[PDB]
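Notes follow once the structure below has been shown.
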Amino acid sequence: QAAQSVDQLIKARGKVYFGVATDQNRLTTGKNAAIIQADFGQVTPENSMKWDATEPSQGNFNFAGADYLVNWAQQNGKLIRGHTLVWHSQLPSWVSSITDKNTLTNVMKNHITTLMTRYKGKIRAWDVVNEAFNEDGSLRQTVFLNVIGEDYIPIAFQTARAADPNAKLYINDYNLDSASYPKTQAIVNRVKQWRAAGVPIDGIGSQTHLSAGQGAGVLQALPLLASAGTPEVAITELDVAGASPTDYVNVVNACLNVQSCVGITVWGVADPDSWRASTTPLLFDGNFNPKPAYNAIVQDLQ
């Protein structure tokens, strides 16, 4: 852990948290636990709450990994973002082969309700629907869209709201980092339409997996995402190829500039454990020491 906590500092600036993605396999090895305890105030399960992990076989749930994280988080005072309920990746084949609307609808509702009720009152926010958009702004043609139709999104959120009224319900996606981007404009428009129709969408999560130099665009993109009217917006899976302080500070400033931006979650602790380790995109290096970008953020928040 670094001596200064970016979570405490961002809280002093009026935000809710500065967190990281993690899970049992990380918490039990290296210095991950210590770093997370001292420097962050929120955790997102990297994989333990995904469909393949929680319901590998229909109706046969596995919460071992998810329980470890939730209990560890409560004990250590860290907020939790549930991730993720409806998604086309890491989806068991028993789900993807269903072609009946009723069957899939009930399977989806049961998956959502079961996970959310088990952790009712302990989860700050849930990424209810993940990566539902194609790059041109149209809806991704996943099994849920193909079998259930566009209504799958309203249904997912209505169900989540009923399962745990206390949780902030998010629609999450990537490539919403530029204001001119087709996808960015599309999600703002659809979320407005959905909210006008009464769909309980509390927030828009922007994954923010960036390439070097892209940080500047987020300064314009985030205020645009905020214009959709959701109570909150959040940077959910931040990592930047090269981890340049310039990009990292830009993303942080974008959040401080947007009132509704509640916080930031970086996707992992140390570089070698990143899903894109070769681009060393995180805040701590392979030896678990904070990188220049971590210090740049602390100074900026000072």
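If you're wondering about the labels, chains in the structure tokens are A, B, ... by order shown, residues count from 1 in each chain, ligands from 1 in order shown.
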
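Contact shell of residue 202 (chain A) at 7 Å (only C-alpha atoms; same-chain neighbours under 2 positions omitted): residues 168, 169, 170, 200, 230, 231 and 232 of chain A.
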
Residues from last step as file, N, CA and C atoms, as a JSON list (two decimals), in the first residue's frame:
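As written to disk, result17.json reads:
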```
[["chain", "number", "residue", "atom", "x", "y", "z"],
["A", 168, "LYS", "N", -28.23, 0.72, -6.24],
["A", 168, "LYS", "CA", -28.23, 1.61, -7.38],
["A", 168, "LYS", "C", -28.08, 0.70, -8.61],
["A", 169, "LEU", "N", -29.02, 0.80, -9.54],
["A", 169, "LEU", "CA", -29.03, -0.04, -10.74],
["A", 169, "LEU", "C", -28.36, 0.62, -11.95],
["A", 170, "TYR", "N", -27.31, -0.03, -12.44],
["A", 170, "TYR", "CA", -26.53, 0.47, -13.57],
["A", 170, "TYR", "C", -26.58, -0.30, -14.87],
["A", 200, "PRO", "N", -36.36, 1.77, -14.11],
["A", 200, "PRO", "CA", -35.46, 2.19, -13.03],
["A", 200, "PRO", "C", -33.96, 2.06, -13.29],
["A", 230, "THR", "N", -29.58, 10.30, -15.29],
["A", 230, "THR", "CA", -29.51, 9.30, -14.23],
["A", 230, "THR", "C", -28.96, 9.92, -12.95],
["A", 231, "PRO", "N", -29.41, 9.44, -11.78],
["A", 231, "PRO", "CA", -28.92, 9.97, -10.51],
["A", 231, "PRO", "C", -27.39, 9.91, -10.41],
["A", 232, "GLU", "N", -26.79, 8.87, -10.98],
["A", 232, "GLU", "CA", -25.34, 8.73, -10.93],
["A", 232, "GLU", "C", -24.73, 8.25, -12.25]]
```

Write out as CSV a residue-level contact list of region 26-99 of chain A versus region 131-143 of chain A with cut-off 9 Å: for each qualifying residue the closest pair of atoms and the distance in Å to one decimal, counting only C-alpha atoms, rows sorted by chain and residue number upward.
```
residue,atom,partner,partner_atom,distance
A:86,CA,A:132,CA,9.0
A:87,CA,A:131,CA,6.9
A:88,CA,A:142,CA,6.0
A:95,CA,A:143,CA,8.4
A:96,CA,A:143,CA,6.0
A:97,CA,A:143,CA,8.3
A:98,CA,A:143,CA,8.2
A:99,CA,A:143,CA,8.0
```

Given the selection you just returned, output its residues as a file containing N, CA and C atoms, formatted as a PDB file, in the first residue's frame.
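For reference, again35.pdb as written:
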```pdb
ATOM      1  N   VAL A  86     -26.763  -9.486 -16.323  1.00  0.00           N
ATOM      2  CA  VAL A  86     -27.095  -9.898 -17.684  1.00  0.00           C
ATOM      3  C   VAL A  86     -25.963  -9.491 -18.624  1.00  0.00           C
ATOM      4  N   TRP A  87     -25.326 -10.483 -19.238  1.00  0.00           N
ATOM      5  CA  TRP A  87     -24.197 -10.241 -20.132  1.00  0.00           C
ATOM      6  C   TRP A  87     -24.068 -11.425 -21.092  1.00  0.00           C
ATOM      7  N   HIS A  88     -23.575 -11.178 -22.304  1.00  0.00           N
ATOM      8  CA  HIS A  88     -23.427 -12.244 -23.295  1.00  0.00           C
ATOM      9  C   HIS A  88     -22.134 -13.057 -23.145  1.00  0.00           C
ATOM     10  N   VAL A  95     -27.601 -21.640 -21.024  1.00  0.00           N
ATOM     11  CA  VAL A  95     -28.401 -20.426 -21.181  1.00  0.00           C
ATOM     12  C   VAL A  95     -28.502 -20.048 -22.664  1.00  0.00           C
ATOM     13  N   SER A  96     -27.352 -19.980 -23.327  1.00  0.00           N
ATOM     14  CA  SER A  96     -27.285 -19.605 -24.734  1.00  0.00           C
ATOM     15  C   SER A  96     -28.060 -20.504 -25.707  1.00  0.00           C
ATOM     16  N   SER A  97     -28.368 -21.733 -25.304  1.00  0.00           N
ATOM     17  CA  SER A  97     -29.090 -22.638 -26.193  1.00  0.00           C
ATOM     18  C   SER A  97     -30.610 -22.550 -26.084  1.00  0.00           C
ATOM     19  N   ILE A  98     -31.103 -21.775 -25.123  1.00  0.00           N
ATOM     20  CA  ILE A  98     -32.544 -21.616 -24.954  1.00  0.00           C
ATOM     21  C   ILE A  98     -33.071 -20.691 -26.052  1.00  0.00           C
ATOM     22  N   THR A  99     -34.104 -21.131 -26.763  1.00  0.00           N
ATOM     23  CA  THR A  99     -34.677 -20.317 -27.828  1.00  0.00           C
ATOM     24  C   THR A  99     -36.125 -19.919 -27.526  1.00  0.00           C
TER      25      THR A  99
END
```

Residues near residue 258 (chain A), anyone? I mean within 9 Å using only C-alpha atoms, not counting same-chain ones fewer than 4 positions away, as a PyMOL selection string. chain A and resi 222-223+226+233+253-254+262

Keeping N, CA, C and O atoms, export the residues of the selection given above as a JSON list (two decimals), in the first residue's frame.
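The resulting file, selection05.json, is shown below:
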```json
[["chain", "number", "residue", "atom", "x", "y", "z"],
["A", 222, "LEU", "N", -17.86, 12.40, -20.33],
["A", 222, "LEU", "CA", -18.57, 12.20, -19.06],
["A", 222, "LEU", "C", -19.71, 13.20, -18.84],
["A", 222, "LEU", "O", -20.77, 12.83, -18.36],
["A", 223, "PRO", "N", -19.49, 14.49, -19.15],
["A", 223, "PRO", "CA", -20.61, 15.42, -18.94],
["A", 223, "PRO", "C", -21.78, 15.04, -19.87],
["A", 223, "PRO", "O", -22.95, 15.24, -19.53],
["A", 226, "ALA", "N", -23.65, 12.22, -18.38],
["A", 226, "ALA", "CA", -24.40, 12.74, -17.25],
["A", 226, "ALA", "C", -25.68, 13.43, -17.69],
["A", 226, "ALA", "O", -26.64, 13.50, -16.92],
["A", 233, "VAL", "N", -23.42, 8.46, -12.37],
["A", 233, "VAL", "CA", -22.63, 7.96, -13.48],
["A", 233, "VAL", "C", -21.37, 7.53, -12.74],
["A", 233, "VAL", "O", -21.12, 7.98, -11.61],
["A", 253, "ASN", "N", -10.27, 14.09, -13.09],
["A", 253, "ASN", "CA", -10.81, 15.44, -13.19],
["A", 253, "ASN", "C", -12.20, 15.43, -13.82],
["A", 253, "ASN", "O", -13.07, 16.20, -13.43],
["A", 254, "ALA", "N", -12.39, 14.56, -14.81],
["A", 254, "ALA", "CA", -13.68, 14.47, -15.47],
["A", 254, "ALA", "C", -14.74, 14.13, -14.43],
["A", 254, "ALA", "O", -15.83, 14.70, -14.42],
["A", 262, "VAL", "N", -20.19, 9.46, -9.03],
["A", 262, "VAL", "CA", -19.99, 9.06, -7.64],
["A", 262, "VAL", "C", -18.62, 8.49, -7.29],
["A", 262, "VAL", "O", -18.19, 8.52, -6.13]]
```

For residue 180 (chain A), list every protein, DNA or RNA residue within 10 Å, evaluated using only C-alpha atoms, and leave out those in the same chain fewer than 2 positions away; present the list as number ranges by chain. A: 176-178, 182-185, 217, 220-221, 224

Just asking: which residues within region 112-268 of chain A are strand (DSSP E or B) according to DSSP, as a PyMOL selection string? chain A and resi 125-130+133+139+168-173+203-206+209-210+232-240+261-266

Export of prior selection with N, CA and C atoms as a CSV table (one decimal), in the first residue's frame:
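As a result, selection-v3.csv now contains:
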```csv
chain,number,residue,atom,x,y,z
A,125,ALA,N,-24.2,-0.8,-5.5
A,125,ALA,CA,-24.7,-0.8,-6.9
A,125,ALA,C,-24.5,-2.1,-7.7
A,126,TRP,N,-25.3,-2.3,-8.6
A,126,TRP,CA,-25.2,-3.5,-9.5
A,126,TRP,C,-25.1,-3.2,-10.9
A,127,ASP,N,-24.2,-3.8,-11.7
A,127,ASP,CA,-24.2,-3.6,-13.1
A,127,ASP,C,-25.2,-4.7,-13.6
A,128,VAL,N,-26.4,-4.2,-13.7
A,128,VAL,CA,-27.5,-5.1,-14.1
A,128,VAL,C,-27.4,-5.6,-15.6
A,129,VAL,N,-27.2,-4.7,-16.5
A,129,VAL,CA,-27.0,-5.1,-17.9
A,129,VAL,C,-25.6,-4.6,-18.3
A,130,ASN,N,-24.9,-5.5,-19.0
A,130,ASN,CA,-23.5,-5.2,-19.4
A,130,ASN,C,-23.3,-5.3,-20.9
A,133,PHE,N,-24.8,-2.6,-26.1
A,133,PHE,CA,-24.7,-1.9,-27.3
A,133,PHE,C,-23.6,-2.3,-28.3
A,139,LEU,N,-28.5,-2.0,-30.6
A,139,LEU,CA,-28.4,-3.0,-29.5
A,139,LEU,C,-27.7,-4.3,-30.0
A,168,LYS,N,-28.2,0.7,-6.2
A,168,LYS,CA,-28.2,1.6,-7.4
A,168,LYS,C,-28.1,0.7,-8.6
A,169,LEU,N,-29.0,0.8,-9.5
A,169,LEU,CA,-29.0,0.0,-10.7
A,169,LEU,C,-28.4,0.6,-11.9
A,170,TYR,N,-27.3,0.0,-12.4
A,170,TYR,CA,-26.5,0.5,-13.6
A,170,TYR,C,-26.6,-0.3,-14.9
A,171,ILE,N,-26.4,0.4,-16.0
A,171,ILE,CA,-26.3,-0.2,-17.3
A,171,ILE,C,-24.8,0.2,-17.5
A,172,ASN,N,-24.0,-0.8,-17.9
A,172,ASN,CA,-22.5,-0.6,-18.0
A,172,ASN,C,-22.1,-0.9,-19.5
A,173,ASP,N,-21.1,-0.2,-19.9
A,173,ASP,CA,-20.6,-0.4,-21.3
A,173,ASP,C,-19.2,0.3,-21.5
A,203,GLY,N,-28.0,4.5,-12.9
A,203,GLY,CA,-26.7,5.0,-13.3
A,203,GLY,C,-26.2,4.4,-14.6
A,204,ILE,N,-25.2,5.1,-15.2
A,204,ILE,CA,-24.6,4.7,-16.4
A,204,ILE,C,-23.1,4.5,-16.0
A,205,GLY,N,-22.6,3.3,-16.3
A,205,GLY,CA,-21.3,3.0,-15.9
A,205,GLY,C,-20.5,3.0,-17.2
A,206,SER,N,-19.3,3.7,-17.2
A,206,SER,CA,-18.5,3.8,-18.4
A,206,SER,C,-17.2,3.1,-18.0
A,209,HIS,N,-11.8,1.7,-20.6
A,209,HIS,CA,-10.6,0.9,-20.9
A,209,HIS,C,-10.0,1.8,-22.0
A,210,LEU,N,-9.0,2.6,-21.7
A,210,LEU,CA,-8.4,3.5,-22.6
A,210,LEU,C,-7.1,3.1,-23.2
A,232,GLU,N,-26.8,8.9,-11.0
A,232,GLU,CA,-25.3,8.7,-10.9
A,232,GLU,C,-24.7,8.3,-12.3
A,233,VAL,N,-23.4,8.5,-12.4
A,233,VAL,CA,-22.6,8.0,-13.5
A,233,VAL,C,-21.4,7.5,-12.7
A,234,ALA,N,-20.6,6.6,-13.3
A,234,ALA,CA,-19.4,6.2,-12.7
A,234,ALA,C,-18.4,5.6,-13.7
A,235,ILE,N,-17.1,5.7,-13.3
A,235,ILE,CA,-16.0,5.2,-14.1
A,235,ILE,C,-15.9,3.8,-13.5
A,236,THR,N,-16.3,2.8,-14.2
A,236,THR,CA,-16.3,1.4,-13.6
A,236,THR,C,-15.2,0.4,-13.8
A,237,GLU,N,-14.4,0.5,-14.9
A,237,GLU,CA,-13.4,-0.5,-15.1
A,237,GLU,C,-12.1,0.2,-15.7
A,238,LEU,N,-11.7,1.3,-15.1
A,238,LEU,CA,-10.6,2.0,-15.6
A,238,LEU,C,-9.2,1.4,-15.6
A,239,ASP,N,-8.6,1.5,-16.7
A,239,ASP,CA,-7.2,1.1,-17.0
A,239,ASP,C,-6.8,1.8,-18.3
A,240,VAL,N,-5.6,2.2,-18.4
A,240,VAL,CA,-5.1,3.0,-19.5
A,240,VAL,C,-3.8,2.4,-20.0
A,261,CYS,N,-21.1,12.0,-10.9
A,261,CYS,CA,-20.0,11.0,-10.9
A,261,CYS,C,-19.7,10.6,-9.5
A,262,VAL,N,-20.2,9.5,-9.0
A,262,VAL,CA,-20.0,9.1,-7.6
A,262,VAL,C,-18.6,8.5,-7.3
A,263,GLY,N,-17.9,8.0,-8.3
A,263,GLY,CA,-16.6,7.4,-8.0
A,263,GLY,C,-15.9,6.7,-9.2
A,264,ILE,N,-14.8,6.1,-8.9
A,264,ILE,CA,-14.0,5.5,-9.9
A,264,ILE,C,-13.5,4.1,-9.4
A,265,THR,N,-13.6,3.1,-10.3
A,265,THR,CA,-13.1,1.8,-10.0
A,265,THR,C,-12.0,1.5,-11.0
A,266,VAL,N,-10.8,1.1,-10.6
A,266,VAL,CA,-9.8,0.7,-11.5
A,266,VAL,C,-9.8,-0.8,-11.6
```
